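Working notes, structure below.
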Amino acid sequence: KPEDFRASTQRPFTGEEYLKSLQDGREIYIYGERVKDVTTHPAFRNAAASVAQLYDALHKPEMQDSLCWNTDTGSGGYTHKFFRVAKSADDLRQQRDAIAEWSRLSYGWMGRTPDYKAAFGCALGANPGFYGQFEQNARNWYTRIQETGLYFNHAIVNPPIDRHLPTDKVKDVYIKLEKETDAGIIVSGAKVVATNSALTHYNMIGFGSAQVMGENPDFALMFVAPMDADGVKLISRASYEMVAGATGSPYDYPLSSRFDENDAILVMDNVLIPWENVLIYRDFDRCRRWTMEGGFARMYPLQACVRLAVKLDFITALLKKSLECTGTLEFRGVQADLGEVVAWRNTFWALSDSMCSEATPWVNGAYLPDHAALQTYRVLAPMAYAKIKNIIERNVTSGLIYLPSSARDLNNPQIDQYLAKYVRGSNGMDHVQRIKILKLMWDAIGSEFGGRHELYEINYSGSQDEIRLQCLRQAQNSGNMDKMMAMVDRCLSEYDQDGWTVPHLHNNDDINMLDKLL
Amino acid sequence: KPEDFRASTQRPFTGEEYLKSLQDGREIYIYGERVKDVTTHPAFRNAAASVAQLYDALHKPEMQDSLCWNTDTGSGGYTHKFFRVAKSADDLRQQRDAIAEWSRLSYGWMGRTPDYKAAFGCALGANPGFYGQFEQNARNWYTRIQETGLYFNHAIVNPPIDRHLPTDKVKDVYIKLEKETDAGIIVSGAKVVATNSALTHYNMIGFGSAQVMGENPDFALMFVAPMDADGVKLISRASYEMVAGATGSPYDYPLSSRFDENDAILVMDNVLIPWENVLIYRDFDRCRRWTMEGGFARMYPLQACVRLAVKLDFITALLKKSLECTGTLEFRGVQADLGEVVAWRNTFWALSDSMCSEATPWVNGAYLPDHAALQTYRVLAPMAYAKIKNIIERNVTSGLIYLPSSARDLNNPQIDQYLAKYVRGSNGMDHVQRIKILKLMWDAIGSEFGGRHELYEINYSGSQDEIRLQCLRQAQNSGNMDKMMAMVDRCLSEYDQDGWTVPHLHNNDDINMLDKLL
Amino acid sequence: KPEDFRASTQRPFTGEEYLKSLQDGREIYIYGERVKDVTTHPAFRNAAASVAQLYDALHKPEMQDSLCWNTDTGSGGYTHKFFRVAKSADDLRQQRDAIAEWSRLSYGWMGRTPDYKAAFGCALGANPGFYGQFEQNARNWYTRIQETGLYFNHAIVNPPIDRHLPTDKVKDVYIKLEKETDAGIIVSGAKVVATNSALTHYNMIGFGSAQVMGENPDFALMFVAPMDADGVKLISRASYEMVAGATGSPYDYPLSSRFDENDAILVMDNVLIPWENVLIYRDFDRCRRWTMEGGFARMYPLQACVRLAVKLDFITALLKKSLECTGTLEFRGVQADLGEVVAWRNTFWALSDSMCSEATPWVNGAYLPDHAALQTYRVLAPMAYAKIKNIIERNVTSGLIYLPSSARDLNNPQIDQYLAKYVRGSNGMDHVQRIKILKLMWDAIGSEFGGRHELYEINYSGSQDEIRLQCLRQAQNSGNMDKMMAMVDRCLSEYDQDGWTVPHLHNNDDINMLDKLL
């Protein structure tokens, strides 16, 4: 239904059509109250408007070369390049750039925009035979995602379970089959960390292994659920947009006020999923293989790496400008700290380069980005983000903490007269501009919005051990570790306890002095 | 007169009397509006109530052994132990314990409480001759601060200057003498980072060297200013107390709601400072020597190290309880991360031990804490705090980011029915307890309050290079580096290019094979 | 009989008597050859002479105040302070200073000197009743170690086992009882990392649990073995002393040439252990409890922390002297790096202060150092050492790598004429002094000796996880974690989902705006 909000079948949503598609009576709660309409609600309206700008850019002629491709469906339409299966290394590079162009529209701050799950559509389109009996749903869903620009999110993290409850009760926490019917399946359960689901059309409800499920294929499900389906509910976390709106201003919280992606709990209360929305049904094997063989996990980290690099573009220059304000950019050591930030920004662009240039042919003509680069991004990003934030905080030693409370302070001459005198920029800018730049930096790192972004980046791919284990596993599974080991084994083979085994090196029996010494 | 709110002259304020002394028409601005009364204002009332609890504790029979001493003034009254000059190492240990018992009343979160500037009073009482003409002011201010428990703060950080403006304009930014009169001195200027000054009685206005002052003794001042003096004004930063009250709850922000210390700009607009409040007057020599020779900088770091250790007590156990919630404390690697947190917590307690055990006699019977330990605390605290915060964030991989917005969600059964089943604690606690614990942890690290505390801890003592230089200077100025070097010089003297110069070691001419080889 | 080389029973060995006591036909191998006499052998002679200097210091009149105490045995003699049981905190402080004065004699580089296992003697003396049937052996060995200064080492680390071998054959790797006889017990097995055991009188052979022992009390042993007992053999690692002697000089390797402590494999081939040397016999319970209850592990980390702090004294001043040579000490950033090394140096001294000041009474009047400080030292030392070495390496950007090969280059005028011109010190010292200083720095960090010292310091106490787990366990077992948790529980008790539960704070029902906003 959401796609019927388009006035045309040969392009994705416009911003206006996307916003109207959200006025569907989805069930959302925040601060104990039900949200009437996310496009007008104080907690979501600007964040939704920010996403709508992404859809608008798709139809601006000066954007289309970098953003858009013809569809591969025969419709004659166009779409964002990352929504269509890449068939070469050059195609992936064009997708990498289209992702970048969309990230710039939120300065890298919105991470779960529609291009993230576009890789899921491409995975369905490239490898639909994975789903066996549900292959045709996969084919149909790729076309619909590609042509419409449908906004998906991924709901996969299981809720916590009380390890003291009887196992028979603890399992009613996970997504599970309740009833198999001719119209589809009725399911119940919950997922956590449904980031920006309040603004999506559909969520993919994905399998997460839990040891308490044991056997029981009723937990081994993967399906699509529309956000307006009866029994789908979101319980929202606190809204940095609404708090910034209620007690601040755009000047005081310039990022919180427009880029907040609410991390919800998604509840499924006896929801009917039609069969055409089912992708994996009572199949532990396919569920367990999906991460490696489905394609999605091998594609979306291109988007996540690019989005981060665009954010690091922003953070780098925002730091430089902030240090011009305080005047500490004159110092050699301060310049060096900024230089390391530059180096981290460079790193993730270079990884995304390598993802594309080393892309490999897969099934049905599709190309996958370099897999080792995907794992390397996942490992490095939490380290770099923590280091950059530390570099920022130790280099604005004082400018951030005493900033006047409010744009209201500037608009009250009784107060502004003193601000204009005592809080000018060191480089000749006035107090208004200095306070503006530093409040922007604070909203990036120290506001509750900034705190959440740090926590999100650090834990994006899992625990610190898990992402390093996954990097090791890719090296072993691809044969890289064996090739590295062949080099070590060759070295070991060139000598033994009696000397060299290869002819070009000199044994030391003519110069060894141990007999003489002992 | 502020102490005249006391019903007795033989004890410091009670909580009630402290609050009443704050209803004095001090001029404070926040969110473009003037504050009528900090004890009732939504941005300050709970923080003020939290400080008042400190004054209440001084008179509780169960608290008095650890908190209070007789005064040394002949009044026969008692006071907080850190308000009276320590006359032995055991006295410093009793003061460290008195500081600790007071920090626990804010769980380590309020750093700029009345005991911080109590060391300033003790410096004045211990070394009054430093001030020459103003020695009697120093003596009297010691008596007054000690007997009454007056709440001082320290305002020293100069405001920023626009380096493009004519030097004639840059100097009316700094504290400076306007006019000398018989009733006192008239001063103008500003200071930044006036942490919790809105809740104090007096601010001590301290000299900060700026290269633009050059000569001109009109900048070389140190004096005391009351908060309600005509022309004294505070410009407040955003209030985390008020925002948590307006859009949250104590359940949702248990630390922001009661422990926020607003970091203000302090403005002096042609303020009359009476002579009895002047400590250094048109004296660059005394101003530049005061940090090293006055005593205060050699005393207050004991309070800061202890307060940090109490917060680390709290953070350590709160992390443990958070990992009990999520169930990841079962993992060996998670337990190891917690153990490192324990190690950092132990470190700062151990530093405070060394401060007292290695204390040195100073002037007039007063004792100073170990100077090297103070410098070491300053260097380690930014590293430890940043490291601990990272350990916390990477170990609550998911529990923090999707927490329901509001206690209102728990109090709406339509919503609470789902929270009760999907967000239980892993260790058998219910969803209310789990969400509460994790919201307390988030307010510690990720809320705007948590973000500010991180930035405060990192920059407390200056830039990262500056605190390390201060540590180096103390080792050199104290003779420590010379003693270390004497060992290196001894080692170097025991051999030369011909062999050993000491009799007990064997030269290698009987075993050296180089002639043989070459 | 080893003590019978003393000309007096009222003092420990002199250096000369210690060296003579080592000429006993102990069976030691290195470079495939048997060692005739460790006191003359090119791999051990200077290291033995360096230990002999410790014994000589015990009898120099100017050293005796800091090094020596009367014995507590009634003999009327004296001993090194750490060899006699401490009965107060002040005694522990005197011991720490006595340890320091001995470590300064190798500039902190010999770690396994006789004072290390002196804590083992004191443990036997303080808690001899632990050993039941062997209580009198414990008493006698305390008396003997204390009065004579006998040199013990600790051999505890089990050798590796091949997990593919039959469990019956895997068991012959560990120390185990072979036969009980009338004169004592016959044992076989091995231990690894027997650091400097080649220069000791006795080794204490300690129980290390291996899962393959299972039951079988034949493994549950603790006993003392003399180094010259038939069947005791050491298999040595490479000798940095001998390599420095054969291809270097004291000028070229001033630390390798005299302070190398060879980390041997200790082999027991059917060794007869007399009953008077047995401490724990076929007793798993006592073996498992010994680490916690024996006392030794609660004592020797004082010695280890002090030795490290003395080494860090040396490294700190050696780095400063190196940066004067290179001229980079002029830079602000270099001075700051040096300042951080200073801070780490201060930290371990401060930890040793806290060990003594917070000492606790134990059994039979003995005092134990503060336990949390011991665990904190163990955790911080590997971090501090790796950081300090990296700091050193990044600050001598070129001076270390091209240093001329040999003192022979200086003594060849054909070569020295260029060195005198091209390798002077930046601070006016000649090339001989500059090259000498930088080679001393290289031997500390980059020589094979320096490389081993980095590996030893990093792994001294076990794996990085294990030492953090021990720190956590101490916090929990001591009640510290419960005391920290009581603070978190108090904070949690002061509010619920309906507001504050205490009267002094203001509820926000009067300022909450959510009803108005939603």
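Each chain of the structure tokens is named A, B, ... in the order shown, its residues numbered from 1; ligands are numbered from 1 in display order.
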
Within 9 Å of chain C, which residues of chain A come that close, and what is the closest atom pair and distance in Å for each? Count only C-alpha atoms and give it as JSON lines.
{"residue": "A:31", "atom": "CA", "partner": "C:514", "partner_atom": "CA", "distance": 7.4}
{"residue": "A:33", "atom": "CA", "partner": "C:518", "partner_atom": "CA", "distance": 7.1}
{"residue": "A:34", "atom": "CA", "partner": "C:518", "partner_atom": "CA", "distance": 8.8}
{"residue": "A:35", "atom": "CA", "partner": "C:518", "partner_atom": "CA", "distance": 8.5}
{"residue": "A:41", "atom": "CA", "partner": "C:518", "partner_atom": "CA", "distance": 8.5}
{"residue": "A:42", "atom": "CA", "partner": "C:517", "partner_atom": "CA", "distance": 7.8}
{"residue": "A:246", "atom": "CA", "partner": "C:517", "partner_atom": "CA", "distance": 8.1}
{"residue": "A:332", "atom": "CA", "partner": "C:333", "partner_atom": "CA", "distance": 8.6}
{"residue": "A:333", "atom": "CA", "partner": "C:333", "partner_atom": "CA", "distance": 6.7}
{"residue": "A:513", "atom": "CA", "partner": "C:246", "partner_atom": "CA", "distance": 8.3}
{"residue": "A:514", "atom": "CA", "partner": "C:31", "partner_atom": "CA", "distance": 7.5}
{"residue": "A:517", "atom": "CA", "partner": "C:42", "partner_atom": "CA", "distance": 7.8}
{"residue": "A:518", "atom": "CA", "partner": "C:33", "partner_atom": "CA", "distance": 7.1}

Using DSSP on the backbone coordinates, identify the residues of segment 62-191 of chain C assigned to strand (DSSP E or B); present them as an MDAnalysis selection string.
chainID C and resid 68:70 78:80 152:155 157 176:180 184:191

So that I can check the surroundings of segment 125-132 of chain C, please list as a PyMOL selection string every protein, DNA and RNA residue that reaches within 6 Å of it, counting only C-alpha atoms and ignoring chain neighbours fewer than 4 positions away.
chain C and resi 138-139+142

So that I have them on file, write out the residues from the current selection with N, CA and C atoms, as a short mmCIF file (atom, residue, chain, number, x, y, z; two decimals), in the first residue's frame.
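File produced: result.cif:
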data_model
loop_
_atom_site.label_atom_id
_atom_site.label_comp_id
_atom_site.auth_asym_id
_atom_site.auth_seq_id
_atom_site.Cartn_x
_atom_site.Cartn_y
_atom_site.Cartn_z
N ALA C 138 58.73 -25.58 58.64
CA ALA C 138 58.47 -24.17 58.33
C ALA C 138 59.23 -23.24 59.27
N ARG C 139 59.14 -23.50 60.58
CA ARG C 139 59.88 -22.70 61.56
C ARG C 139 61.37 -22.75 61.31
N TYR C 142 62.42 -20.73 58.16
CA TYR C 142 62.41 -19.30 58.43
C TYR C 142 63.68 -18.85 59.16
#

Select from segment 330-405 of chain A everything DSSP, run on the backbone, classes as alpha helix (DSSP H), then give the selection as a PyMOL selection string.
chain A and resi 332-357+371-395

So that I can check the surroundings of residue 79 of chain C, please list as number ranges by chain every protein, DNA and RNA residue that reaches within 12 Å of it, counting only C-alpha atoms and ignoring chain neighbours fewer than 3 positions away.
C: 9-14, 55, 57-59, 64-73, 75-76, 82-85, 95, 98, 114-115, 118, 143-150

Which residues are close to residue 105 of chain B, i.e. within 8 Å by only C-alpha atoms, leaving aside same-chain residues fewer than 2 positions away? Reply as number ranges by chain.
B: 50, 53-54, 101-103, 107-108
